[PDB]
Amino acid sequence: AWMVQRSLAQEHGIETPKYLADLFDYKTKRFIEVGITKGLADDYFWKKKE
Amino acid sequence: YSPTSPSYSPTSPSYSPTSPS
Amino acid sequence: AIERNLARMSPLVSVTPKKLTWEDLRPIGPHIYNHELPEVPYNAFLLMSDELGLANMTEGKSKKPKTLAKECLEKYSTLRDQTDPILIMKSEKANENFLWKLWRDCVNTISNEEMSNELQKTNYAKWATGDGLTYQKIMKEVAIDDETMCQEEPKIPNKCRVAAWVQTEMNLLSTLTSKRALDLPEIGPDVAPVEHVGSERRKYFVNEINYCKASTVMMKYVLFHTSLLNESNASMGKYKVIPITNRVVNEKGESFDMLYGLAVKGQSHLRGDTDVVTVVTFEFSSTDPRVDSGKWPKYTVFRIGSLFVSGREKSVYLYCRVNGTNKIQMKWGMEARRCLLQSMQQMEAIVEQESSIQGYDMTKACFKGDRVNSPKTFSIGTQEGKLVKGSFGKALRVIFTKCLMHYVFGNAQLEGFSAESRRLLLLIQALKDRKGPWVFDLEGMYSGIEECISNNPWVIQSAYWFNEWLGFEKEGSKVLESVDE
Amino acid sequence: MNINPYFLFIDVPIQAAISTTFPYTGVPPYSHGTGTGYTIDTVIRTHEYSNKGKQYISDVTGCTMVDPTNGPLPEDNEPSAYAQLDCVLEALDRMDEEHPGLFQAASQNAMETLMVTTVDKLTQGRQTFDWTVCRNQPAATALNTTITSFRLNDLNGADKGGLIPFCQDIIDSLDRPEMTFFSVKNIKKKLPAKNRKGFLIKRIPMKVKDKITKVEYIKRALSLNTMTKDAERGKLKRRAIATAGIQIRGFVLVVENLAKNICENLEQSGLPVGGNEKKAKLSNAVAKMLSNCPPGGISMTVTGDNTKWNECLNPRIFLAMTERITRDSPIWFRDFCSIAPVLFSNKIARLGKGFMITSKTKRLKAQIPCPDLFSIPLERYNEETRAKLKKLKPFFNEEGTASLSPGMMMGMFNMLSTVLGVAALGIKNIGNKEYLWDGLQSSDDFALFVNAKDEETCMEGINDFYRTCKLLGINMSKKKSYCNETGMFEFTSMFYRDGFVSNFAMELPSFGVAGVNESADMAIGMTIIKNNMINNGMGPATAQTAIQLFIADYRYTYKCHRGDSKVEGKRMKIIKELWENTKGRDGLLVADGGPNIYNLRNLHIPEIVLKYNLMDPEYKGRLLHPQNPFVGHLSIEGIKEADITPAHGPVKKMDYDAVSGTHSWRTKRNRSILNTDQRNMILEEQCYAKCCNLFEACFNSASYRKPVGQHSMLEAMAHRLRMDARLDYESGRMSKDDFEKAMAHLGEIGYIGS
Amino acid sequence: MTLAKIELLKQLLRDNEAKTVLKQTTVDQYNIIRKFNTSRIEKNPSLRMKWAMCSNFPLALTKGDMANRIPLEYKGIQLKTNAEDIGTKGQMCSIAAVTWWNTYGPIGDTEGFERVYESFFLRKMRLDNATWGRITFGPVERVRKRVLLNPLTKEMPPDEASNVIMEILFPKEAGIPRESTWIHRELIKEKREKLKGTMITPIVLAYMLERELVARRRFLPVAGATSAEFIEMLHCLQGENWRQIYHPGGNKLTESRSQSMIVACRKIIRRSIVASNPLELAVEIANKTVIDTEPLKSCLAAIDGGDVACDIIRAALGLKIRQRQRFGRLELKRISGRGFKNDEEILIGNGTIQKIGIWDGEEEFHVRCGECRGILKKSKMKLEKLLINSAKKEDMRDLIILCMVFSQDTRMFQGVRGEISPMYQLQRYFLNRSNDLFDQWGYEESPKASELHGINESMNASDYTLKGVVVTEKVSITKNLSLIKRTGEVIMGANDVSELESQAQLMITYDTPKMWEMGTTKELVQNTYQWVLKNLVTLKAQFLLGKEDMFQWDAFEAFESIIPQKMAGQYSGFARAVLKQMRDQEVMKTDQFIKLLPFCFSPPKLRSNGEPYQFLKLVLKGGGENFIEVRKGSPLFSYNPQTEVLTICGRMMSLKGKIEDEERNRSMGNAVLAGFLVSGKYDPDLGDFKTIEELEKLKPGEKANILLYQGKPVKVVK
RNA sequence: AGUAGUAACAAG
């Protein structure tokens with residue numbers, strides 16, 4: 001997981017995120033974090049945005 | 001001098017006797 | 001619990017303290033004075049003080065061992081050509097004929113126009129080398145069913161007495177000669193004053209040893225084992241004639257190739273490190289074996305001729321002996337130069353201490369003296385029962401020889417003896433220091449020493465020397481028992 | 001005038017000339033043939049010191065077990081194994097008082113280290129007994145053959161990575177009704193030969209699968225391999241030594257780690273401290289006891305030696321030590337620490353090759369293996385063996401092994417046995433008598449300092465110490481121990497006389513050519529000189545002569561004499577050409593027939609670095625060729641580490657500084673056994689090597705940092721190369737065709753791995 | 001590269017054995033199979049090499065294109081194994097093959113070599129740019145200390161260093177990002193550029209990076225030069241019996257100069273203090289002392305730090321005194337007040353009793369921490385005021401804890417949880433974990449003034465701030481080395497200088513024939529007694545003529561400096577008495593004369609009743625072995641009448657020809673107690689051997705039993 | 001024979 005993340009980040013000249021990403025979009029060239037919450041999406045969004 | 005030469009050792013403290021004359 | 005058990009434990013469980021006195025220190029191995037026992041025979045791989053090298057000027061080069069031996073034998077043609085020798089001495093189980101034939105085969109091979117130093121596996125070579133002497137390995141089932149097949153009783157090292165020659169060796173090997181054999185390579189040039197100090201010291205320390213008889217004997221052992229180990233690996237299947245040689249340098253710096261004799265390397269399929277290869281040594285000597293016959297029971301000695309040595313015809317004998325070695329002994333032989341370091345370190349430490357006191361390098365002062373300081377002397381030996389003092393160089397030359405003897409006569413007997421007698425040495429020191437030493441089982445301590453005194457010429461002589469020195473230490477102690485009374 | 005070398009001691013104190021008493025230019029003693037004679041001696045003696053204890057039959061192995069612990073107190077001064085649990089516990093309680101929280105601290109650190117410890121840690125051991133081939137192999141080999149064989153019996157705890165789940169499989173394997181394992185068996189092919197017997201037996205070893213029963217396996221897992229110790233110094237007679245299996249190593253590691261933590265914080269432990277740190281510690285301890293001496297009283301030092309140390313020490317006592325040390329620990333960790341002593345309590349000694357019977361008349365010899373030791377009447381053995389085998393009978397097992405419940409033949413508890421020794425030192429006094437004792441303890445070696453009013457009262461303290469030790473199963477040698485007023489003593493071959501004196505002879509054999517390679521050996525050789533100048537009182541004159549001697553030895557060993565020498569040789573022929581072809585000959589290494597430029601001041605500078613600026617750029621280019629074929633796959637250990645063998649002690653690894661070049665080579669593996677075809681064993685070696693090299697091709701860090709993961713090597717290699725490929729194609733390093741080929745190949749690999 | 005690896009994996013997976021290994025072996029288990037070895041292990045490597053070098057093809061060849069560039073033979077010499085000999089063993093080569101490669105082989109790229117092996121090349125330039133002073137022959141007291149073997153580029157913990165090397169060599173495999181990457185960003189960047197474009201194996205790069213980042217510390221015998229740059233030349237610096245002056249090349253740290261500065265100043269004061277006019281001698285020595293190559297005066301003037309000793313020497317040399325203290329990451333400069341340290345066994349809140357130093361008196365300090373500048377005010381075991389300027393969270397977090405740790409507040413000592421110089425250990429404890437110490441303090445109100453504000457544990461502004469938070473020199477020196485203000489207030493004294501004897505990081509030299517007077521106890525003892533032995537003839541003659549001027553011979557002043565200030569005078573009283581007694585009663589003992597003469601220098605101190613103090617042993621400074629025995633031999637001084645040898649600190653000197661014949665039979669009992677002489681032999685009726693106490697509480701005329709040493713009891717009369 | 005020394009090698 002980390003080898004992939006560090007290969008991708010180093011290839012596309014982007015900062016290696018301190019945490020382990022869930023997906024990487026090759027078109028956008030950005031790491032993605034997926035979230036499954038049993039409450040409010042906006043609550044989970046801003047709590048993981050911090 | 002040369003290390004093996006006795007004069008290579010520095011002049012040591014020497015007790016010289018005292019006399020008022 | 002501890003005090004409970006300690007209370008009920010028997011008084012028979014005791015550490016039996018005994019305050020040591022000089023009187024308690026009886027001589028070690030008193031059997032070495034028993035004249036019923038055989039005097040310990042010479043058992044070294046090569047001759048030492050009794051060596052004779054046939055000298056031949058080197059034309060600068062380091063030519064082939066076969067070539068340099070050939071060229072040396074050509075100059076002493078009379079000794080080389082002798083075919084009618086007088087048998088002087090015969091070893092109990094030695095075949096004189098077979099040995100002489102093997103010597104002639106060696107001389108004839110080394111002197112021939114071929115580059116090969118291989119001997120044909122003749123009936124005499126086969127006998128000398130121990131051809132086909134290993135027992136056949138049969139199947140365990142056959143052996144179990146065979147009633148006559150028993151586990152053999154082990155051979156035990158025989159109990160011997162003091163031999164006068166072991167003293168003679170020490171005396172003559174620690175003596176100065178006109179020749180230098182050391183092959184010391186170059187070091188980088190000196191920059192640091194301490195580097196200059198070491199180099200100026202080496203001129204005293206290295207030259208003292210280099211000129212002494214022991215150094216030349218050491219180099220012969222070193223160079224022979226070096227060639228023998230290479231021959232043993234390179235020519236496992238072949239019987240090979242190997243010269244016993246040395247490159248010696250006189251006072252003017254002239255080089256001479258010495259030929260001490262020829263050796264026959266037998267078959268050498270040396271798989272294990274302890275596996276034996278038979279080496280048959282044919283070494284020249286001026287020494288008549290009849291003068292001290294107790295030294296020479298392992299040797300078959302021919303008289304091969306004569307040399308004019310100092311306005312006198314001196315007789316030349318050929319000492320022949322079936323010997324053996326393994327890979328380990330050869331490798332330690334190849335490393336025997338380190339005898340220099342053990343002796344040099346011990347004596348340089350005294351110079352460094354002496355320099356600490358005076359404030360300048362006391363090397364020259366210790367050796368030869370200077371305008372301020374008298375030459376440093378040491379108790380060196382005994383003459384007509386009286387204690388004789390000798391020089392710093394002599395003391396260096398004694399330790400160096402002693403350290404060569406540790407290699408030449410090194411084994412489990414010397415290992416055990418040196419380790420166990422060291423306790424006694426330190427106890428004696430405690431009495432000398434007036435530090436009131438106590439022992440727990442003195443007679444058990446002597447047992448561990450004395451079980452190591454058997455047939456090792458160096459152990460037996462070391463035991464003799466220990467007792468001699470102990471006697472003089474006991475006499476000295478009488479000066480201390482009067483102090484503050 | 002007759003020279004007497006002992007007359008030196010008239011002018012120089014024995015300690016001041018102690019080096020001259022070590023004959024370390026001599027050949028150290030080697031054993032020939034069998035060690036069965038010596039091993040059987042150990043089995044008999046070990047049982048002689050415990051025979052008055054409880055004797056019973058193991059209901060696990062059927063072995064004859066002897067328990068001297070809590071046995072009857074001895075009534076003589078012979079070696080006693082009758083250690084009293086109470087006294088051991090009282091000794092450990094008095095340590096716990098003097099070091100509050102040490103036992104729990106040590107237990108915590110050891111436990112936390114274990115929770116972090118991975119299985120690969122077990123590869124750092126030396127020679128290990130491999131139960132699968134009933135021979136000694138390297139630790140890493142024995143571990144692998146155990147892990148792979150364990151897979152055949154549904155034991156995959158090793159795959160988790162941590163030591164604990166592997167150790168769980170080891171104890172769980174003892175419950176398996178049958179054990180299938182990978183063994184080795186050789187095919188015999190009778191060929192002709194030019195010898196008396198007329199023929200030859202060419203063996204071809206091949207990997208097989210073998211099945212053994214639970215009891216048979218338990219016996220193998222509890223078994224020690226025995227051989228004779230070679231090249232041991234200061235001893236007339238040889239002794240048996242033992243090697244343990246891989247199973248117990250994980251448990252021993254933790255128990256020794258526990259004991260190390262305790263030992264580190266004990267003021268009187270000479271372990272695990274070593275060299276200059278030990279000397280300082282001992283020197284401080286001597287200065288303390290000297291100053292803390294009662295005025296008008298006397299201080300005395302026992303130069304202490306223990307006898308039958310391993311023979312008399314008892315696993316059951318160590319089991320108690322682990323129990324009392326791990327008092328406030330989780331039950332799992334207390335249970336973990338309990339296993340190594342328990343496996344030792346039920347250990348079985350393998351008796352070696354057996355005895356050789358011969359006919360001097362018929363010139364025949366035969367090896368009688370241990371199973372068949374009693375297949376012949378004992379009248380056909382010599383008096384010594386006939387006596388041994390008669391005393392062995394009760395402890396002898398049908399399959400040629402011996403039961404050995406008491407004693408510690410393998411050793412391996414050096415720290416825990418030191419903790420036990422320091423416990424005795426810790427008592428200090430008995431019955432409020434007018435004396436105090438203290439000391440230093442390094443395994444079986446001890447110095448005891450005793451303070452009192454007179455030496456008579458000091459002797460009472462020494463006698464009380466002597467007796468106290470017997471209660472812990474420790475036997476002070478009365479033959480080899482001696483006492484004197486404080487100022488001089490000997491401890492682990494270090495000699496004190498108003499301070500520790502130099503003992504140069506001890507280090508002498510280490511000055512030789514190490515036998516790693518001509519590059520490493522040059523660094524090692526110069527470093528040994530450098531270090532002996534610092535530590536062992538080697539003066540500048542001797543140091544410089546050492547440089548000469550080393551170069552002489554080096555040149556003859558590696559057949560690399562000076563290019564301007566007229567020395568014959570195959571290498572020398574090319575050296576002579578290199579000498580002529582080279583302009584800057586100062587730049588040539590000694591190994592290339594170059595001059596020696598090493599002196600005292602530059603001993604610490606790698607030879608290539610010293611000569612670099614003096615080198616010809618063609619020579620320098622060849623010497624340091626980045627893709628040279630002499631340097632193989634280098635490990636971080638490969639470049640820095642080298643096993644150096646001292647005269648006295650265990651074989652330790654030392655660091656050296658050398659530039660990697662064409663002289664940094666490696667000798668072919670010892671696959672040179674007479675009338676043996678190793679083709680199967682070599683292929684196995686090459687298979688693992690291929691897999692590991694290709695893994696290092698994908699993961700370049702593997703050589704440096706230990707790779708982590710419980711997933712397959714292939715899964716890791718595939719994922720890496722898939723990303724490599726994609727990002728090589730999307731960057732334009734790889735062509736569209738190559739990408740399609742790569743992804744097609746990866747598709748086949750993806751299928752093979754699932 | 002990538003395709004080649006994938007193609008090679010497919011070829012490898014064709015082998016069903018390899019397929020099994022790759023599938024079954026976990027990434028963890030790579031580390032096990034990497035070391036797999038079924039070959040019989042070599043027990044004698046030194047022998048095996050001497051053996052193998054005599055064989056035809058002992059070396060292993062790496063299969064490749066470069067191996068093939070080596071011919072089968074050269075001018076008859078077989079270089080590598082024949083193609084018909086390869087198979088189920090591999091291709092081997094002779095040692096001659098290596099020689100052939102170094103003679104006629106391919107010439108490879110060596111670009112970056114010097115940058116890869118920078119560590120080793122600096123080691124060489126340090127030697128090449130070095131200067132060598134004199135070698136001198138005299139006693140060297142070496143101490144075994146844990147020292148750094150080699151200088152480092154930037155020292156790190158191994159785990160930290162490991163990560164930095166991963167970022168430099170193998171970034172894709174570096175794993176979880178670490179904060180160290182940002183800290184060492186300028187190192188990484190620099191190393192990447194140096195190790196760009198080199199073809200040398202990355203494992204070699206990794207090792208050589210590990211060499212200059214991971215430290216190697218060992219116990220070695222040292223003598224006043226502890227810095228790695230000296231340690232790497234330690235073999236040439238000294239033995240037990242000689243010293244070699246060595247100035248290494250390259251630049252040295254200021255912290256190394258500062259540490260040596262302090263050691264030098266402490267040594268000058270310790271020798272000066274014992275002189276009549278310490279200030280005169282202090283100035284004489286200080287002027288002629290050099291720290292490596294820099295004069296002491298230059299270092300003191302250049303470095304803004306040190307201790308009491310440094311300031312005292314500064315005042316003596318006419319330099320402005322600094323009152324700078326460095327408490328790890330806190331830098332203080334005295335504003336007002338004076339503090340004295342009193343080591344007392346204070347009970348600490350974890351559950352142990354540690355001997356910590358209580359600083360008495362009310363002091364004000366000029367504290368500083370990067371951005372933070374403040375004025376502190378501490379009393380005995382308390383903090384009263386602390387006026388600090390506004391700065392970053394990180395810069396304030398340090399200063400606020402550091403101020404409350406250095407003040408040694410009683411709340412801090414009673415707030416320790418877990419197993420921990422003892423004071424500096426508390427700094428590194430409460431810096432890592434701070435949420436333990438703030439709970440064991442208490443909070444108070446914040447001031448609502450114009451400039452005043454308060455902060456809490458969350459590193460931000462709050463009303464629950466810590467208790468006491470408030471956020472917004474022409475000196476003279478006496479003969480006795482006391483620093484006095486114009487008002488008469490002494491602000492520093494000789495008695496304020498640390499007693500701690502430590503090893504200088506840089507080699508200190510004294511450009512004076514008096515340099516020997518700056519020796520350690522064992523050095524001074526050895527030299528002093530050597531001076532006595534060198535002048536024994538005149539010294540002994542003059543003493544027997546009735547003169548006692550030798551008692552106060554300059555040569556003995558240095559010796560006095562290593563006698564504890566308490567006992568020096570009392571020892572002299574005893575020594576002079578015992579000496580006078582020996583000549584006055586014609587009971588002379590030359591060994592005892594030599595032993596005690598140096599102790600006669602100090603101004604004598606006699607008992608209240610006017611008789612001298614009696615002594616069993618004379619204790620000198622340093623370890624427990626540093627004492628002289630009056631009756632007995634000691635580690636420092638022992639005489640053997642058997643061989644007339646005098647051992648001083650291991651060195652043996654002959655007294656042959658310096659001993660009176662009638663002296664050898666003379667008992668030492670006459671020269672052991674002041675105002676006592678040998679009456680006769682041991683008298684059991686007089687009871688046990690009398691103690692020094694009982695011997696001092698004896699009325700003149702009475703007899704007593706004395707034990708000189710084991711087995712020498714003597715009856716003595718007063 | 002010899003090496004060696006409590007048991008081997010003197011080819012397998």
Side-chain angles (χ1 to χ4, degrees), chain C residues 43-45 91-95 98-99 102 121 124-137 151-158 232 236-238 264-281 297-300 320-330 410-416 451-452 454-456, chain D residues 27 29-38 40-41 188 190-203 228 230 235-240 352-358 363 365 367 381-385 387-388 673-676:
Chain C
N43 65 338
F45 195 59
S91 191
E92 186 183 62
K93 301 191 166 152
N95 188 328
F98 276 18
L99 281 173
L102 189 49
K121 297 168 196 174
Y124 51 92
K126 278 190 173 96
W127 165 84
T129 284
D131 175 65
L133 281 185
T134 205
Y135 290 18
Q136 294 186 57
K137 204 190 188 77
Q151 180 207 25
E152 284 172 328
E153 287 286 348
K155 276 201 211 154
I156 302 136
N158 325 42
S232 292
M236 298 197 204
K238 304 174 170 158
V264 179
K265 177 209 143 288
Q267 171 186 292
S268 64
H269 293 280
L270 305 186
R271 242 160 288 137
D273 289 359
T274 60
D275 287 359
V276 179
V277 47
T278 298
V279 184
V280 187
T281 54
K298 299 207 188 308
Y299 283 90
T300 306
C320 321
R321 155 156 184 223
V322 180
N323 219 318
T325 187
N326 58 39
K327 273 147 71 175
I328 298 153
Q329 288 163 312
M330 287 189 267
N411 67 16
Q413 297 175 47
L414 181 56
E415 284 292 348
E451 81 171 350
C452 302
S454 297
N455 62 359
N456 190 312
Chain D
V27 174
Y30 279 79
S31 62
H32 310 68
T34 193
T36 299
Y38 306 118
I40 290 166
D41 272 334
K188 291 92 165 185
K190 192 168 91 165
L191 291 167
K194 307 168 190 185
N195 54 40
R196 193 183 298 276
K197 291 195 287 180
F199 72 90
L200 211 101
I201 299 164
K202 178 182 161 189
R203 281 166 187 245
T228 308
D230 288 325
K235 269 142 196 87
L236 174 69
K237 306 207 159 151
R238 310 288 68 71
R239 64 191 192 78
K353 293 161 197 154
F355 294 109
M356 169 159 284
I357 68 175
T358 66
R363 301 190 71 76
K365 65 186 181 204
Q367 256 297 334
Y381 291 119
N382 57 35
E383 281 159 23
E384 222 202 317
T385 310
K388 279 174 201 162
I673 307 87
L674 185 71
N675 307 337
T676 296

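Every heavy atom of this structure was used, including side-chain atoms; hydrogens, water molecules and symmetry mates were not. Residue numbering restarts at 1 for every chain, and letters A, B, ... go by the order of the sequence lines.
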>> Please report the interatomic distance CG(C:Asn456) to CG(C:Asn43), rounded to the nearest 0.5 Å.
In response: 7.0 Å

> Just checking C:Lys155: base, sugar-phosphate only, or nothing, at a heavy-atom cut-off of under 4.0 Å?
Replying inline: base

> Side chains of D:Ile201 and D:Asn675: closer than 4.5 Å at any heavy-atom pair?
Replying inline: no

>> Classify C:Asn455 by what it touches in the nucleic acid, base, sugar-phosphate, or nothing, heavy-atom distance under 4.0 Å.
In response: base

> Hey, does C:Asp275 reach any base, or is it just sugar-phosphate, or nothing, if we go heavy atoms under 4.0 Å?
Replying inline: sugar-phosphate

> When you compare F:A11 with F:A7, how far apart are their P atoms, in angstrom units rounded to a whole number?
Replying inline: 23 Å

> Using a cut-off of 4.0 Å on non-hydrogen atoms, how would the nucleic acid contact of C:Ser454 be classed: base, sugar-phosphate, or nothing?
Replying inline: nothing

> So where does chain C start and stop touching RNA chain F, 5' to 3', when the test is distance under 4.0 Å to a non-hydrogen atom?
Replying inline: F:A1 to F:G12

> Can you tell me how far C1' in F:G12 sits from the matching atom in F:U6, rounded to whole Å?
Replying inline: 27 Å

> From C1'-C2'-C3'-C4' alone, north or south for the sugar of F:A7?
Replying inline: south

> Looking for any heavy atom pair under 4.0 Å, which part of the strands does C:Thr274 touch: base, sugar-phosphate only, or nothing?
Replying inline: nothing

> Base, sugar-phosphate, or nothing: which does C:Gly266 touch, judged by heavy atoms less than 4.0 Å apart?
Replying inline: nothing

> Do the non-hydrogen side-chain atoms of C:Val277 and C:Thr325 ever get within less than 4.5 Å of each other?
Replying inline: yes

>> Is it true that, when you exclude D:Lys353 itself, more than 12 heavy atoms of the residues, nucleotides or ligands shown sit nearer than 6.0 Å to its NZ?
In response: no

>> Just so I know, are the side chains of C:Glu415 and D:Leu236 near enough to count as touching, which here means a heavy-atom distance under 4.5 Å?
In response: no

> Do C:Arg271 and C:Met236 touch side chain to side chain, with heavy atoms closer than 4.5 Å?
Replying inline: no

> Closest nucleotide of RNA chain F for D:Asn195 versus for C:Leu270: which of these residues is on the 5' side?
Replying inline: C:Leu270

>> Reading RNA chain F from 5' onward, which residue's closest nucleotide shows up sooner: D:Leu236 or D:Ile201?
In response: D:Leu236

>> Taking any heavy-atom pair under 4.0 Å as a contact, classify D:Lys237: base, sugar-phosphate, or nothing.
In response: base

> Tell me, do C:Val280 and C:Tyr124 make a side-chain contact under 4.5 Å, heavy atoms counted?
Replying inline: no

> How is C:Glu152 classified with respect to the nucleic acid when contacts are heavy atoms under 4.0 Å: base, sugar-phosphate, or nothing?
Replying inline: nothing

> What is the nucleic acid contact for D:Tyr38, judged by heavy atoms within less than 4.0 Å: base, sugar-phosphate only, or nothing?
Replying inline: sugar-phosphate

> Base, sugar-phosphate alone, or nothing: which one does C:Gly130 contact when heavy atoms must sit under 4.0 Å apart?
Replying inline: base

> Given the rule that a pair is Watson-Crick or G-U wobble with both distances under 3.5 Å, how would you write RNA chain F in dot-bracket, using | for pairs to a different strand?
Replying inline: .((....))...

> For C:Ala128, which contact category applies under a 4.0 Å heavy-atom criterion: base, sugar-phosphate, or nothing?
Replying inline: base

> Using a cut-off of 4.0 Å on non-hydrogen atoms, how would the nucleic acid contact of C:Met236 be classed: base, sugar-phosphate, or nothing?
Replying inline: nothing

>> Does any part of the side chain of C:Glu92, heavy atoms only, come nearer than 4.5 Å to the side chain of C:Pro297, both counted from C-beta?
In response: no

>> Students often get this wrong, so: under 4.0 angstrom with heavy atoms, is D:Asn675 touching a base, only sugar-phosphate, or nothing?
In response: base

> C:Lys327 versus C:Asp275: any side-chain heavy-atom pair under 4.5 Å?
Replying inline: no

>> Any base atoms under 4.0 Å from C:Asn326, or only sugar-phosphate, or nothing? Heavy atoms, all strands.
In response: nothing

> Are the side chains of D:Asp41 and D:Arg239 in touch, meaning some heavy atoms are under 4.5 Å apart?
Replying inline: no

